[PDB]
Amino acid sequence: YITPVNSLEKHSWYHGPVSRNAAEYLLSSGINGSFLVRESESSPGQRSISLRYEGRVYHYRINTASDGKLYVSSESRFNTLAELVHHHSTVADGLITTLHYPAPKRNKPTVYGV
């Protein structure tokens, strides 16, 4: 029932099993370049970037190449997710803007809210 912790959650920018909709909430008091990386709860391995720019949140799928490399743009592929994020932290390479400010992690919700 409770999702195990992913090793990638050591990164300030990787928030784990978070939906598109929860990501928008989590980024609602961010600035240009605020972002997080998330995985799908139901079918993990499918990761996304959510990025804030001029008051809107943009969502991008992270693709897996046939040799296992990860990319947003097929022109810039990497061995690891961390390498990809570090790349896009100075080179937009398709993204509306660069990945500049990892969103602060919040306590998981309870029935009483968040």
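For clarity, a rigid core is taken as the largest C-alpha set superposing within 1.5 Å between two forms. Counting begins at 1, following the sequence as shown.
Greater average departure of CA atoms from the shown form, over structures and residues in 5 other deposited structures of this protein after a core fit, characterises 41 to 49 among 73 to 81 and 41 to 49. As recorded in the PDB entry, 36 to 44 is the stretch of 73 to 81 and 36 to 44 with the greater mean C-alpha temperature factor. In this crystal structure, the stretch out of 10 to 18 and 102 to 110 whose C-alpha atoms carry the higher mean B factor is 102 to 110. When the CA B factors of the chain's modelled residues are split into thirds, the value for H87 lands in the lowest one. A65: CA B factor lies in the middle third for its chain, per the PDB record. Ranked against the other modelled residues of its chain, the C-alpha B-factor of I31 as given in the entry falls in the highest third. For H59, the recorded CA B-factor ranks within the lowest third of the chain. Only modelled residues enter the ranking.
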